[PDB]
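See structure below.
For ligands, and for the atoms within them, numbers begin at 1 and follow the listed sequence. Along the sequence shown, residues are numbered consecutively beginning with 1. Hydrogens, waters and symmetry mates are skipped; everything else that's a heavy atom, side chains included, is used.
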Amino acid sequence: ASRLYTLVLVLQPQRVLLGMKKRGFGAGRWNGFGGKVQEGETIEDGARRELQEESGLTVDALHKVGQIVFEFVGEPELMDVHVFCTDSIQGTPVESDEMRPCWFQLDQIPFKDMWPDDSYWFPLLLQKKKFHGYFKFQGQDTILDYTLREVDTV
Ligand SMILES: Nc1nc2c([nH]c(=O)n2[C@H]2C[C@H](O)[C@@H](COP(=O)(O)O)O2)c(=O)[nH]1
């Protein structure tokens, strides 16, 4: 068993929107926006909800671009992260309790202050290739195992 999560990247031709996570899981790493999917909503609806809660933004269309499954050693549930992109945002991003948003140039992505797995799959997002990844972590810094491939259907 696994628990559904979302992750949303606003990727525009020369920049990508990240938020500095201010509290909770992943605090202190830049990331896309997202969270747990709730009972009674779709995954994509949960992705939009979280985008709105964390940034104020709404979007016309979200595209599925990837899936990443995480194992954390000693934790029973795998995390099944559904990754979306958009270039179609509505509004200007604002800081929330969870996130402080900033735009980054595509060659200035702050990998050293991101989850360590992002170094591996982010390039494929940027290159517009759909992927499936799997990372096993010991704590929040150490990747013990991983797999990564491109896919045609996410
Ligand atoms: N880029 C990236 N996002 C992750 C990783 N692990 C992980 O749960 N997430 C995402 C999914 C969700 O958007 C978010 C976790 O949910 P909360 O912020 O609600 O705790 O972090 C990771 O290793 N890298």
Side-chain angles (χ1 to χ4, degrees), residues 1-11 15-59 62-86 89 93-104 106 108-151 154:
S2 53
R3 176 71 137 114
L4 290 170
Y5 290 80
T6 57
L7 181 59
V8 175
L9 284 305
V10 178
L11 178 56
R15 62 178 194 173
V16 61
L17 187 64
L18 304 171
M20 171 50 66
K21 184 72 173 306
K22 285 166 61 170
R23 61 173 65 170
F25 191 62
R29 291 160 161 173
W30 295 98
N31 207 344
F33 303 98
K36 297 181 157 167
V37 177
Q38 296 180 355
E39 304 179 352
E41 70 187 352
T42 68
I43 300 177
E44 180 185 350
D45 284 348
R48 285 195 161 82
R49 185 179 48 70
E50 282 288 5
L51 181 65
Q52 193 288 146
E53 296 176 1
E54 295 195 324
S55 81
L57 296 176
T58 55
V59 59
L62 283 177
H63 297 93
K64 295 176 241 158
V65 290
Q67 176 184 35
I68 311 167
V69 168
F70 294 101
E71 179 193 339
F72 282 88
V73 172
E75 299 190 354
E77 295 174 355
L78 296 172
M79 309 184 73
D80 176 8
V81 180
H82 282 56
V83 186
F84 294 90
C85 274
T86 185
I89 57 157
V94 301
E95 179 167 5
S96 53
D97 292 339
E98 282 180 286
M99 283 298 212
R100 169 167 71 81
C102 280
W103 293 100
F104 292 81
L106 305 183
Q108 291 181 346
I109 291 160
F111 289 119
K112 56 168 219 153
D113 288 320
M114 288 164 83
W115 278 94
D117 53 295
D118 292 13
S119 278
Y120 295 91
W121 57 270
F122 223 82
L124 303 176
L125 178 117
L126 289 183
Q127 297 153 29
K128 329 257 215 63
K129 304 298 183 217
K130 294 162 191 229
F131 59 87
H132 278 183
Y134 162 73
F135 300 80
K136 167 174 179 189
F137 277 83
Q138 179 171 91
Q140 304 209 330
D141 310 322
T142 307
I143 300 164
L144 297 181
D145 307 329
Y146 79 89
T147 64
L148 184 57
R149 64 169 146 116
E150 299 183 4
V151 301
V154 172

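Formation of a donor-acceptor pair under 3.5 Å by the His132 side chain with backbone atoms of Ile68 is not found in this model. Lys22 places a side-chain N or O within 3.5 Å of a backbone atom of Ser96 that can act as its donor or acceptor partner. A donor-acceptor pair is defined here as one N or O able to donate and one able to accept, closer than 3.5 Å; such a pair exists between the side chain of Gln127 and the backbone of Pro123.
Every ring pair (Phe, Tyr, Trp, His ring centres under 6.0 Å) that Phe131 has, sequence neighbours left out, goes to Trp121. Partners of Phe72 under the ring pair (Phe, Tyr, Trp, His ring centres under 6.0 Å) rule, at least two apart in sequence or in another chain, are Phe25, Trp115, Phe137.
For residues 27-38, the side chain to side chain donor-acceptor pair (under 3.5 Å) pairs, not counting sequence neighbours, are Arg29-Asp141.
Contact residues for ligand 1 (protein heavy atom closer than 4.0 angstrom to any ligand atom): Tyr5, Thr6, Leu7, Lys21, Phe25, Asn31, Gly34, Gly35, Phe70, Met79, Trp115, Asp117, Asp118, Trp121.
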